[PDB]
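A short worksheet on the structure shown next.
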Amino acid sequence: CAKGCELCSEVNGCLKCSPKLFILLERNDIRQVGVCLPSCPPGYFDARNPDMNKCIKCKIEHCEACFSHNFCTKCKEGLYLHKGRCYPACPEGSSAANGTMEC
Amino acid sequence: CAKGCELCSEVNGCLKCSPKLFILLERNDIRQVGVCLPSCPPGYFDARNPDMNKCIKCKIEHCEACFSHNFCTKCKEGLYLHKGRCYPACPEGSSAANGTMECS
Amino acid sequence: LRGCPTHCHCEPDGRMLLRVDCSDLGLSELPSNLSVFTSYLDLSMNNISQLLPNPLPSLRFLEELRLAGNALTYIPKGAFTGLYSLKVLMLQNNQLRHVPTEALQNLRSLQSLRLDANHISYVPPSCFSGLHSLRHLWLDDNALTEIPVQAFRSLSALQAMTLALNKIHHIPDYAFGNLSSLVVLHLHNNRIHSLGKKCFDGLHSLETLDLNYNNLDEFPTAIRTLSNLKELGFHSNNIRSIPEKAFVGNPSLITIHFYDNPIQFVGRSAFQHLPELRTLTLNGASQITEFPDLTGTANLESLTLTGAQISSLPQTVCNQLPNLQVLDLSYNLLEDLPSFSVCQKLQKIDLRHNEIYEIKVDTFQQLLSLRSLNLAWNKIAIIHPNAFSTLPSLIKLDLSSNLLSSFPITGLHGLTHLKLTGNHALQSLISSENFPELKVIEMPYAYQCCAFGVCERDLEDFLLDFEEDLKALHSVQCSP
Amino acid sequence: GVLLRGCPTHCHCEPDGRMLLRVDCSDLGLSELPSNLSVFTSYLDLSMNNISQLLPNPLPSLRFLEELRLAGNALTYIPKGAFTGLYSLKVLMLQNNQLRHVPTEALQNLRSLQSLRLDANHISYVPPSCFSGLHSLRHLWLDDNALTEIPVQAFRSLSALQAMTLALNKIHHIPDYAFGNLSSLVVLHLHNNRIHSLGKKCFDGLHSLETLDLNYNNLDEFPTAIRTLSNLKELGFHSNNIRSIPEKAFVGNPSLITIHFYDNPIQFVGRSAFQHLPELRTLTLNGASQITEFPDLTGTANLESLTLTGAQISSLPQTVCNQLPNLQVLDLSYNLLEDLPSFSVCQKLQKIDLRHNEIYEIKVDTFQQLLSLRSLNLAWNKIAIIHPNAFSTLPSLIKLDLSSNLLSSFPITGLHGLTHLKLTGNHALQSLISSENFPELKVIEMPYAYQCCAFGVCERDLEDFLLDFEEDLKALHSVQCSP
Ligand SMILES: *[C@@H]1O[C@H](CO)[C@@H](O[C@@H]2O[C@H](CO)[C@@H](O[C@@H]3O[C@H](CO)[C@@H](O)[C@H](O)[C@@H]3O)[C@H](O)[C@H]2NC(C)=O)[C@H](O)[C@H]1NC(C)=O
Ligand SMILES: *[C@@H]1O[C@H](CO)[C@@H](O[C@@H]2O[C@H](CO)[C@@H](O)[C@H](O)[C@H]2NC(C)=O)[C@H](O)[C@H]1NC(C)=O
Ligand SMILES: *[C@@H]1O[C@H](CO)[C@@H](O[C@@H]2O[C@H](CO)[C@@H](O)[C@H](O)[C@H]2NC(C)=O)[C@H](O)[C@H]1NC(C)=O
Ligand SMILES: *[C@@H]1O[C@H](CO)[C@@H](O[C@@H]2O[C@H](CO)[C@@H](O)[C@H](O)[C@H]2NC(C)=O)[C@H](O)[C@H]1NC(C)=O
Ligand SMILES: *[C@@H]1O[C@H](CO)[C@@H](O)[C@H](O)[C@H]1NC(C)=O
């Protein structure tokens with residue numbers, strides 16, 4: 001069928017992944033395609049569930065990589081990261097900021 | 001709007017009749033037109049209501065005119081009338097027909 | 001044509017018998033001269049203040065007289081004397097304030113009498129005296145206050161009567177005593193609040209009773225004596241409950257209407273022994289805690305009973321219910337479910353908003369006629385894998401708002417509607433395959449809908465060339 | 001080697017920053033990891049790769065290694081000196097291995113480690129002081145494991161943690177001060193566990209916690225320990241066995257924005273239970289039968305969506321709408337409502353659903369000045385009479401449902417040109433309704449068919465695909481009418 005895959009269709013690709021893998025759904029030309037990965041690509045975050053493990057896009061403003069939703073793991077350059085979120089200026093400061101951009 | 005009518009539309013005809021008259025809707029075109037009558041034409045029967053008086057088609061087998069639904073007033077010829085409905089043969093007792101065709 | 005009055009329109013009945021139409025001609029008085037052999041005379045909408053100081057009897061062949069909309073305030077005693085063949089008299093839409101005290105007497109051949117749409121409030125006793133052929137009587141849209149028990153005592157040949165749209169508030173015992181031949185009685189749109197216990201004891205041949213649009217506070221128990229009753233209507237009242245053994249006296253009932261009544265409770269045996277009854281609907285009877293007994297009424301095709309507190313169904317519920325097509329026990333408190341297998345011929349089932357926690361194996365087995373199954377808004381944690389294995393005709397399935405995580409897919413292939421929203425733990429993907437012919441889908445998550453494909457010039461050439469394919473891709477719905 | 005080493009055989013390398021190398025050796029089915037491995041490596045991916053034992057031949061001196069991935073391997077353990085030379089290690093990935101315990105000493109003193117993934121293993125034991133010397137650790141994954149109890153001892157050193165997942169385990173109890181020292185913790189995931197009992201001071205540790213996930217668990221009572229989380233913003237305890245929300249439940253947690261408690265057998269909710277949550281936007285309460293009174297919402301006026309169904313609410317306060325500005329959708333269906341308040345003060349209202357109530361009449365002011373209202377459902381009530389001007393001031397009204405309400409007549413003032421009109425079940429409604437003073441009607445339900453007969457029954461590229469789909473729905477739709 002495919003790498004780390006158990007159930008596939010020619011149209012939609014992989015429909016069910018191996019036990020501990022994550023499924024990634026991305027839209028190719030009016031059609032949805034599923035890939036099986038050991039961990040999710042940049043922009044996505046890994047979410048495990050008793051039925052389906054899925055790669056989930058993290059819609060957080062100015063966030064490059066995230067732990068879940070509402071919490072960013074790595075913020076974009078030129079933007080400070082404080083408690084899993086991204087601001088132009090850090091409210092408390094003090095703990096912000098060294099040479100790095102991580103309050 | 002029209003004769004014996006108070007609220008009408010050019011497209012649909014009469015929509016509301018004078019207080020005690022009956023509305024007749026057909027429905028033979030594929031289009032509905034409303035006429036206002038003092039009483040319903042043959043095949044229909046008069047039903048009065050506090051809001052709208054309407055002529056109602058009498059869907060009873062072999063019935064020419066009726067008092068309401070389920071009760072026929074005059075049956076088709078060659079068919080006997082018994083207790084508001086019509087049979088070729090009368091159900092029980094008399095059920096006997098005279099010179100007339102009305103199972104007593 | 002002499003014989004036919006001027007401005008009027010005549011037409012032959014039986015050969016050399018005349019039907020005369022002199023309706024909306026705005027006559028001040030009825031036609032002059034006019035010919036014998038007239039068997040039909042229509043004078044309607046015609047400003048006739050008084051039928052005449054010079055009436056025209058000698059029309060002994062007159063079969064039908066119409067006198068509607070003529071604004072008559074009274075009818076003289078000798079008005080219809082010569083009319084020996086009169087079968088039907090029409091006197092509607094006039095300003096009569098009382099039934100003619102003597103004018104209608106001894107019309108031996110009179111069969112149907114229309115006195116509706118008047119102002120009549122008083123019905124003088126022995127005004128219908130000598131009417132032996134009278135079968136049909138209209139007295140609706142009038143100002144009656146009380147059942148004219150005395151006047152009605154002579155009409156033992158009546159078959160159909162309407163006293164609707166009046167102001168009758170009370171029906172005494174034996175109000176229609178001598179009316180043994182009466183078949184159809186209309187009392188709808190009145191002010192009937194109280195009726196005696198023996199108020200309907202008279203009519204033995206009554207088949208339809210209309211008490212609709214009235215002001216009843218209690219179930220009319222007087223009904224109990226009408227053995228031949230077939231159709232019963234008492235909807236749009238203020239009745240609060242149907243008592244035990246309510247229709248005990250009325251088998252061979254076919255239709256019963258009691259909607260728009262604030263009904264809270266219904267006796268268990270209330271609907272027993274009605275073998276001709278085909279449909280039973282009971283909406284919002286909150287005080288019902290038990291499923292009703294239907295012994296001797298196995299001819300039900302549609303049973304709906306909602307908004308109650310039914311905790312459980314007897315194991316052998318379907319033993320009482322062959323021929324049943326539609327079952328709707330939505331909005332109840334059901335936890336366990338019976339077999340339902342004995343309930344063949346079942347086409348539709350609706351069990352939404354109940355407390356159902358589990359669907360066993362046999363609970364839906366061998367329902368080959370079943371088409372729609374709604375189990376939405378329950379607490380169904382687990383379904384047996386083979387629960388739907390034997391449902392060939394199943395096309396619509398609703399399992400919305402449940403506690404499902406997985407799904408038994410064996411059988412069930414190619415249904416038309418599938419609804420699975422509210423099942424938050426249902427996250428796995430569902431293929432377009434093992435599910436063709438699907439046209440309507442509800443899904444807990446959008447990415448599952450996407451699996452079913454719902455996610456200058458020469459672009460128009462693209463649209464036109466690939467038309468049927470595109471419309472074939474838009475022939476599927478999916479709400480996330 | 002020792003400086004000039006190539007790309008490992010069968011592997012795929014690619015330049016990162018100048019003079020830094022990314023080495024991808026994933027899905028090559030290695031028995032052992034690459035031998036002659038190079039410095040300048042800043043990214044090493046060995047995934048889905050049959051590594052029974054990480055090495056007898058260690059590879060430190062990769063002091064520029066930023067990221068190590070070791071997923072999908074067959075590792076049962078991690079030797080103590082495994083990650084010694086890795087001074088620049090920021091992220092370590094060890095998921096989908098057969099680890100039965102967190103490495104007793106192997107993970108110690110990785111100074112720069114920020115994110116650690118030990119999920120999808122078999123770990124059941126977390127030895128104390130296994131996380132000792134991790135000063136940069138911000139993110140910890142420990143889900144899909146066989147944990148039985150919160151390693152309170154092991155967690156006592158991670159005072160810099162910000163995000164933790166202990167989901168998909170077998171945790172049944174949360175002791176007092178279980179996460180005591182985790183003061184910097186912001187996000188805690190405990191969903192999909194077997195948590196039945198939790199202490200009263202079990203969450204007293206984390207002062208900076210903002211989201212708590214207790215979903216898919218086995219709680220019988222509302223977790224009162226919640227009261228100590230002042231900075232909490234998102235709360236999840238849905239799919240449990242909680243029977244009621246007590247009075248003053250979220251008293252300790254203002255600035256709450258989202259709360260999830262669905263799939264809980266909730267029958268009763270305290271009146272003041274949802275007081276003082278000004279940042280809350282949505283309140284949904286379905287099937288709480290034991291509720292007899294409308295809930296008080298003092299200090300929480302930013303509700304945009306209020307739905308409360310299947311209860312026994314007999315009446316609404318006169319000044320109910322005083323508490324609900326900004327409200328958009330209101331749904332009090334399946335209750336026992338007879339009289340209705342003004343609802344005029346509740347502007348910005350877009351949708352209203354009051355079906356299956358015992359409403360007998362619609363007054364004048366009960367729907368006045370609702371200029372944003374679009375959908376009004378009053379089906380299955382007992383509304384005998386409607387004031388003529390009841391709907392006079394609803395310009396944006398397009399959907400109206402009056403099904404099964406024992407109506408005889410109808411108010412036609414205003415209301416012109418709506419989209420949906422439903423009047424079935426009103427048996428006394430027999431008069432005719434014109435196509436005029438009613439254009440734009442597309443969906444109609446009618447008590448009688450002859451009333452239906454009165455309505456004529458018997459630049460961008462490839463977005464044109466989308467325009468075709470929009471245009472497909474409308475215009476292919478003719479006027480509908482079901483009797
Ligand atoms: C995936 O990993 C497993 C374990 O690391 C690999 O299993 C190993 O397979 C080899 C041969 O296929 C076995 O070799 C044997 O060695 C013994 C000496 O111990 C020798 O006497 C035998 O004749 C045989 O050659 C090895 O024992 C076995 N490992 C274990 C722990 O059983 C497997 O091959 C890997 N799969 C792939 C596709 O690389
Ligand atoms: C219809 O008949 C009535 C009598 O039933 C006529 O009534 C007359 O009305 C005028 C005023 O319009 C009075 O001055 C007369 O005294 C009335 N006469 C009688 C005998 O009542 C009425 O004029 C007639 N109308 C038409 C259009 O024919
Ligand atoms: C009650 O109805 C019965 C008929 O069922 C009447 O009996 C007939 O009355 C007429 C009087 O007009 C007699 O000529 C008949 O001989 C009676 N018997 C028949 C027709 O079999 C009875 O009179 C009615 N009672 C009252 C008080 O009106
Ligand atoms: C409990 O939390 C405190 C406060 O963050 C931690 O205190 C630090 O302890 C380490 C020793 O492991 C010192 O090197 C730091 O200087 C301390 N920081 C302070 C005092 O601000 C402590 O490590 C945590 N764990 C315990 C006490 O077991
Ligand atoms: C690594 O390189 C050295 C040369 O410096 C060589 O002797 C050794 O065999 C190589 N090992 C492998 C596994 O390629």
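Chain labels A, B, ... are given in the sequence in which chains occur in the structure tokens; within each chain residues are numbered consecutively from 1, and ligands are likewise numbered from 1 in the order shown.
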- [ ] Quick one: everything within 6 Å of residue 381 (chain C), counting only C-alpha atoms, minus sequence neighbours fewer than 3 positions away in the same chain. Send it as a PyMOL selection string.
- [x] chain C and resi 357+403-404
TODO: Set the cut-off to 9 Å, count only C-alpha atoms and all ligand atoms, and list whatever residues fall near ligand 1 as a VMD selection string.
DONE: chain D and resid 29 to 32 49 to 53 73 to 74
Kindly save the residues from that selection, with N, CA, C and O atoms included, as a JSON list (two decimals), in the first residue's frame.
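Listed below is the output, again-v3.json:
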```
[["chain", "number", "residue", "atom", "x", "y", "z"],
["D", 29, "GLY", "N", 16.21, 1.19, 7.04],
["D", 29, "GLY", "CA", 16.27, -0.12, 7.66],
["D", 29, "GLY", "C", 17.62, -0.51, 8.23],
["D", 29, "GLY", "O", 18.05, -1.66, 8.10],
["D", 30, "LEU", "N", 18.30, 0.45, 8.87],
["D", 30, "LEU", "CA", 19.59, 0.18, 9.50],
["D", 30, "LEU", "C", 19.48, -0.80, 10.66],
["D", 30, "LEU", "O", 18.48, -0.81, 11.37],
["D", 31, "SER", "N", 20.49, -1.65, 10.82],
["D", 31, "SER", "CA", 20.58, -2.48, 12.01],
["D", 31, "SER", "C", 21.29, -1.68, 13.10],
["D", 31, "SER", "O", 20.91, -1.72, 14.27],
["D", 32, "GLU", "N", 22.34, -0.97, 12.70],
["D", 32, "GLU", "CA", 23.05, -0.05, 13.57],
["D", 32, "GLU", "C", 23.20, 1.31, 12.90],
["D", 32, "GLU", "O", 23.13, 1.42, 11.67],
["D", 49, "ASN", "N", 13.73, 2.64, 11.90],
["D", 49, "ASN", "CA", 15.04, 2.20, 11.46],
["D", 49, "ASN", "C", 15.73, 1.10, 12.25],
["D", 49, "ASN", "O", 16.95, 1.11, 12.37],
["D", 50, "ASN", "N", 14.94, 0.16, 12.79],
["D", 50, "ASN", "CA", 15.46, -1.10, 13.34],
["D", 50, "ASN", "C", 16.79, -0.96, 14.10],
["D", 50, "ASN", "O", 17.76, -1.66, 13.82],
["D", 51, "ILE", "N", 16.85, -0.02, 15.03],
["D", 51, "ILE", "CA", 18.03, 0.12, 15.88],
["D", 51, "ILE", "C", 17.78, -0.58, 17.21],
["D", 51, "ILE", "O", 17.12, -0.02, 18.10],
["D", 52, "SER", "N", 18.29, -1.80, 17.35],
["D", 52, "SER", "CA", 18.07, -2.60, 18.55],
["D", 52, "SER", "C", 18.77, -1.95, 19.74],
["D", 52, "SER", "O", 18.18, -1.78, 20.80],
["D", 53, "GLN", "N", 20.03, -1.60, 19.53],
["D", 53, "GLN", "CA", 20.82, -0.95, 20.56],
["D", 53, "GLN", "C", 21.54, 0.25, 19.95],
["D", 53, "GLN", "O", 22.25, 0.11, 18.95],
["D", 73, "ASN", "N", 12.36, 3.23, 16.32],
["D", 73, "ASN", "CA", 13.46, 2.29, 16.49],
["D", 73, "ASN", "C", 13.09, 1.24, 17.53],
["D", 73, "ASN", "O", 12.09, 1.39, 18.25],
["D", 74, "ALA", "N", 13.88, 0.18, 17.62],
["D", 74, "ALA", "CA", 13.63, -0.87, 18.60],
["D", 74, "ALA", "C", 14.54, -0.71, 19.81],
["D", 74, "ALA", "O", 15.34, -1.58, 20.11]]
```
Open item on the list: Residues of chain D were defined as contacting chain B if any atom lay at most 12 Å from it, counting only C-alpha atoms; please report them as a count of residues only.
Closed with: 25
Open item on the list: Should the cut-off be 9 Å, what would the residue list for chain C against chain B look like, counting only C-alpha atoms, as a PyMOL selection string?
Closed with: chain C and resi 44-45+68-69+92-93+112+117+135-136+140-141+159-161+164-165+181-184+189+205+208
Task: Protein and nucleic acid residues within 9 Å of ligand 2 (only C-alpha atoms and all ligand atoms) as a list in words - done: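 I would give the residues around ligand 2 as residues 26, 27, 28, 46, 47, 48, 49, 50, 70, 71 and 72 of chain C.
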Take the selection from the previous step and output its residues with N, CA, C and O atoms, as a PDB file, in the first residue's frame.
```pdb
ATOM      1  N   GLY C  26     -81.425  40.088  -9.906  1.00  0.00           N
ATOM      2  CA  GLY C  26     -81.838  41.249  -9.138  1.00  0.00           C
ATOM      3  C   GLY C  26     -83.340  41.461  -9.145  1.00  0.00           C
ATOM      4  O   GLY C  26     -83.815  42.594  -9.213  1.00  0.00           O
ATOM      5  N   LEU C  27     -84.087  40.364  -9.076  1.00  0.00           N
ATOM      6  CA  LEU C  27     -85.541  40.429  -9.029  1.00  0.00           C
ATOM      7  C   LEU C  27     -86.002  41.091  -7.737  1.00  0.00           C
ATOM      8  O   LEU C  27     -85.395  40.905  -6.689  1.00  0.00           O
ATOM      9  N   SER C  28     -87.061  41.886  -7.812  1.00  0.00           N
ATOM     10  CA  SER C  28     -87.678  42.411  -6.601  1.00  0.00           C
ATOM     11  C   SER C  28     -88.692  41.397  -6.092  1.00  0.00           C
ATOM     12  O   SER C  28     -88.800  41.147  -4.893  1.00  0.00           O
ATOM     13  N   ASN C  46     -81.029  37.553  -4.883  1.00  0.00           N
ATOM     14  CA  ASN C  46     -82.102  38.139  -5.675  1.00  0.00           C
ATOM     15  C   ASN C  46     -83.119  39.010  -4.943  1.00  0.00           C
ATOM     16  O   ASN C  46     -84.292  38.977  -5.315  1.00  0.00           O
ATOM     17  N   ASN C  47     -82.693  39.747  -3.912  1.00  0.00           N
ATOM     18  CA  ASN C  47     -83.520  40.776  -3.248  1.00  0.00           C
ATOM     19  C   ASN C  47     -85.009  40.409  -3.181  1.00  0.00           C
ATOM     20  O   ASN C  47     -85.862  41.123  -3.704  1.00  0.00           O
ATOM     21  N   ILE C  48     -85.315  39.239  -2.637  1.00  0.00           N
ATOM     22  CA  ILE C  48     -86.715  38.891  -2.429  1.00  0.00           C
ATOM     23  C   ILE C  48     -87.085  39.166  -0.972  1.00  0.00           C
ATOM     24  O   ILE C  48     -86.820  38.353  -0.089  1.00  0.00           O
ATOM     25  N   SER C  49     -87.707  40.318  -0.734  1.00  0.00           N
ATOM     26  CA  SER C  49     -88.041  40.756   0.620  1.00  0.00           C
ATOM     27  C   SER C  49     -89.077  39.832   1.235  1.00  0.00           C
ATOM     28  O   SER C  49     -88.941  39.376   2.370  1.00  0.00           O
ATOM     29  N   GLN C  50     -90.119  39.563   0.464  1.00  0.00           N
ATOM     30  CA  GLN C  50     -91.177  38.665   0.882  1.00  0.00           C
ATOM     31  C   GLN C  50     -91.438  37.699  -0.247  1.00  0.00           C
ATOM     32  O   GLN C  50     -91.666  38.130  -1.376  1.00  0.00           O
ATOM     33  N   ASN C  70     -81.649  35.676  -0.595  1.00  0.00           N
ATOM     34  CA  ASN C  70     -82.770  36.531  -0.967  1.00  0.00           C
ATOM     35  C   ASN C  70     -83.233  37.484   0.132  1.00  0.00           C
ATOM     36  O   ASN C  70     -84.133  38.290  -0.094  1.00  0.00           O
ATOM     37  N   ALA C  71     -82.619  37.386   1.308  1.00  0.00           N
ATOM     38  CA  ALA C  71     -82.948  38.247   2.444  1.00  0.00           C
ATOM     39  C   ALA C  71     -84.403  38.098   2.890  1.00  0.00           C
ATOM     40  O   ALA C  71     -85.181  39.050   2.843  1.00  0.00           O
ATOM     41  N   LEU C  72     -84.757  36.892   3.324  1.00  0.00           N
ATOM     42  CA  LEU C  72     -86.090  36.609   3.846  1.00  0.00           C
ATOM     43  C   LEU C  72     -86.100  36.752   5.365  1.00  0.00           C
ATOM     44  O   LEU C  72     -85.263  36.166   6.049  1.00  0.00           O
TER      45      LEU C  72
END
```
Which residues are near residue 46 (chain A)? Cut-off 8 Å, only C-alpha atoms, ignore same chain within fewer than 6 positions. Put them as an mmCIF file with N, CA, C and O atoms, in the first residue's frame.
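Generated output (result_34.cif):
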```cif
data_model
loop_
_atom_site.group_PDB
_atom_site.id
_atom_site.type_symbol
_atom_site.label_atom_id
_atom_site.label_comp_id
_atom_site.auth_asym_id
_atom_site.auth_seq_id
_atom_site.Cartn_x
_atom_site.Cartn_y
_atom_site.Cartn_z
ATOM 1 N N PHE A 22 1.445 9.023 12.669
ATOM 2 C CA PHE A 22 0.507 10.129 12.524
ATOM 3 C C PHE A 22 0.074 10.263 11.071
ATOM 4 O O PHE A 22 0.893 10.142 10.158
ATOM 5 N N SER A 39 6.460 11.713 12.734
ATOM 6 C CA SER A 39 6.130 12.952 13.425
ATOM 7 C C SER A 39 5.726 14.004 12.394
ATOM 8 O O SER A 39 6.076 13.896 11.219
ATOM 9 N N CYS A 40 4.996 15.023 12.837
ATOM 10 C CA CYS A 40 4.371 15.971 11.917
ATOM 11 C C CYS A 40 5.350 17.010 11.373
ATOM 12 O O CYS A 40 6.264 17.438 12.079
ATOM 13 N N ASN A 53 -4.182 8.869 15.293
ATOM 14 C CA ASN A 53 -3.161 9.885 15.506
ATOM 15 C C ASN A 53 -3.102 10.786 14.279
ATOM 16 O O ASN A 53 -2.975 10.300 13.156
ATOM 17 N N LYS A 54 -3.196 12.094 14.486
ATOM 18 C CA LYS A 54 -3.287 13.019 13.363
ATOM 19 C C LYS A 54 -2.338 14.208 13.485
ATOM 20 O O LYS A 54 -2.075 14.698 14.583
ATOM 21 N N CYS A 55 -1.828 14.663 12.344
ATOM 22 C CA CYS A 55 -1.058 15.898 12.293
ATOM 23 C C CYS A 55 -2.029 17.061 12.149
ATOM 24 O O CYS A 55 -2.831 17.091 11.216
ATOM 25 N N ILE A 56 -1.966 18.017 13.069
ATOM 26 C CA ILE A 56 -2.939 19.104 13.067
ATOM 27 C C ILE A 56 -2.287 20.467 12.866
ATOM 28 O O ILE A 56 -1.371 20.831 13.596
ATOM 29 N N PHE A 67 3.325 23.211 20.132
ATOM 30 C CA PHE A 67 3.175 22.052 21.006
ATOM 31 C C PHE A 67 1.771 21.490 20.862
ATOM 32 O O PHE A 67 1.560 20.276 20.839
ATOM 33 N N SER A 68 0.815 22.405 20.770
ATOM 34 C CA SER A 68 -0.573 22.095 20.461
ATOM 35 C C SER A 68 -1.135 23.334 19.787
ATOM 36 O O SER A 68 -0.382 24.114 19.206
#
```
TODO: Name all residues at most 12 Å from residue 94 (chain A) (count only C-alpha atoms; drop same-chain ones fewer than 5 positions away) and give them as a VMD selection string.
DONE: chain A and resid 89 102 to 103
Open item on the list: List the spatial neighbours of region 25-29 of chain A as number ranges by chain - criterion: any atom at most 10 Å away, only C-alpha atoms, same-chain residues fewer than 4 positions off excluded.
Closed with: A: 12-15, 33-36, 54-57; C: 447, 450-451, 453, 455
TODO: Please identify every polymer residue within 6 Å of ligand 3, using only C-alpha atoms and all ligand atoms, and present the set as a PyMOL selection string.
DONE: chain C and resi 153-154+156+178
Same residues, N, CA, C and O atoms, saved as an mmCIF file, in the first residue's frame:
```
data_model
loop_
_atom_site.group_PDB
_atom_site.id
_atom_site.type_symbol
_atom_site.label_atom_id
_atom_site.label_comp_id
_atom_site.auth_asym_id
_atom_site.auth_seq_id
_atom_site.Cartn_x
_atom_site.Cartn_y
_atom_site.Cartn_z
ATOM 1 N N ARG C 153 -87.706 15.809 18.097
ATOM 2 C CA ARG C 153 -88.304 14.559 18.562
ATOM 3 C C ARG C 153 -89.183 13.896 17.500
ATOM 4 O O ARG C 153 -89.591 12.745 17.657
ATOM 5 N N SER C 154 -89.478 14.620 16.426
ATOM 6 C CA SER C 154 -90.318 14.084 15.358
ATOM 7 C C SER C 154 -89.499 13.580 14.173
ATOM 8 O O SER C 154 -89.992 12.801 13.357
ATOM 9 N N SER C 156 -87.493 11.249 13.090
ATOM 10 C CA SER C 156 -86.966 9.905 13.300
ATOM 11 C C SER C 156 -86.442 9.296 12.001
ATOM 12 O O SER C 156 -86.075 8.121 11.960
ATOM 13 N N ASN C 178 -85.172 10.701 19.802
ATOM 14 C CA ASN C 178 -85.954 9.978 18.800
ATOM 15 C C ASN C 178 -85.217 9.816 17.471
ATOM 16 O O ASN C 178 -85.704 9.146 16.559
#
```
Would you mind listing what lies within 7 Å of residue 56 (chain B) as a compact mmCIF listing (two decimals) with N, CA, C and O atoms, in the first residue's frame, with only C-alpha atoms counted and same-chain residues fewer than 3 positions away left out?
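File out_15.txt, as written:
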```txt
# COMPACT_ATOMS: atom_id res chain seq x y z
N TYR B 44 -68.94 18.96 -5.73
CA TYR B 44 -68.46 19.57 -4.50
C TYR B 44 -69.57 19.62 -3.45
O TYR B 44 -70.74 19.43 -3.76
N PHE B 45 -69.18 19.87 -2.20
CA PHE B 45 -70.14 20.12 -1.14
C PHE B 45 -69.70 21.30 -0.29
O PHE B 45 -68.51 21.64 -0.23
N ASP B 46 -70.68 21.94 0.35
CA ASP B 46 -70.45 23.15 1.12
C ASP B 46 -69.95 22.85 2.53
O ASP B 46 -70.57 22.08 3.27
N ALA B 47 -68.83 23.46 2.89
CA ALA B 47 -68.30 23.36 4.24
C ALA B 47 -68.06 24.75 4.80
O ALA B 47 -67.26 25.52 4.27
```
Open item on the list: Neighbouring residues of ligand 5 are defined here as those with any atom at most 12 Å from a ligand atom, counting only C-alpha atoms and all ligand atoms; list them as a ChimeraX atom specification.
Closed with: /D:1-9,32-38,57
Ligand 4: which residues are within 9 Å, counting only C-alpha atoms and all ligand atoms, as a short mmCIF file (atom, residue, chain, number, x, y, z; two decimals) with N, CA and C atoms, in the first residue's frame?
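File written: selection-v7.cif
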```
data_model
loop_
_atom_site.label_atom_id
_atom_site.label_comp_id
_atom_site.auth_asym_id
_atom_site.auth_seq_id
_atom_site.Cartn_x
_atom_site.Cartn_y
_atom_site.Cartn_z
N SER D 132 17.15 15.22 36.17
CA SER D 132 18.04 16.10 36.92
C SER D 132 19.07 16.79 36.02
N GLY D 133 19.15 18.11 36.13
CA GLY D 133 20.11 18.89 35.37
C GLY D 133 19.63 19.34 34.01
N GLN D 153 7.78 12.96 42.39
CA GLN D 153 9.19 13.08 42.76
C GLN D 153 10.06 13.50 41.57
N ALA D 154 9.93 12.79 40.45
CA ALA D 154 10.68 13.10 39.24
C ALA D 154 10.38 14.50 38.70
N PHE D 155 9.15 14.95 38.88
CA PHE D 155 8.70 16.23 38.34
C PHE D 155 9.16 17.43 39.18
N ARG D 156 9.70 17.16 40.36
CA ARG D 156 9.97 18.21 41.33
C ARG D 156 11.14 19.12 40.95
N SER D 157 11.92 18.72 39.94
CA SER D 157 13.07 19.51 39.51
C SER D 157 12.77 20.36 38.28
N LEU D 158 11.72 20.00 37.55
CA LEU D 158 11.39 20.69 36.30
C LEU D 158 10.56 21.95 36.54
N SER D 159 11.19 22.97 37.12
CA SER D 159 10.49 24.21 37.44
C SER D 159 10.51 25.19 36.26
N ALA D 160 11.01 24.72 35.12
CA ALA D 160 11.08 25.56 33.92
C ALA D 160 10.16 25.04 32.82
N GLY D 180 3.74 20.03 42.29
CA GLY D 180 4.06 21.16 43.15
C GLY D 180 5.03 22.19 42.60
N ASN D 181 6.17 21.72 42.11
CA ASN D 181 7.25 22.63 41.73
C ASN D 181 7.15 23.18 40.31
N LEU D 182 6.18 22.69 39.54
CA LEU D 182 6.04 23.12 38.15
C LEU D 182 5.36 24.48 38.05
N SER D 183 6.04 25.51 38.53
CA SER D 183 5.47 26.86 38.61
C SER D 183 5.37 27.54 37.24
N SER D 184 6.22 27.14 36.31
CA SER D 184 6.27 27.77 35.00
C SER D 184 5.34 27.09 34.01
#
```
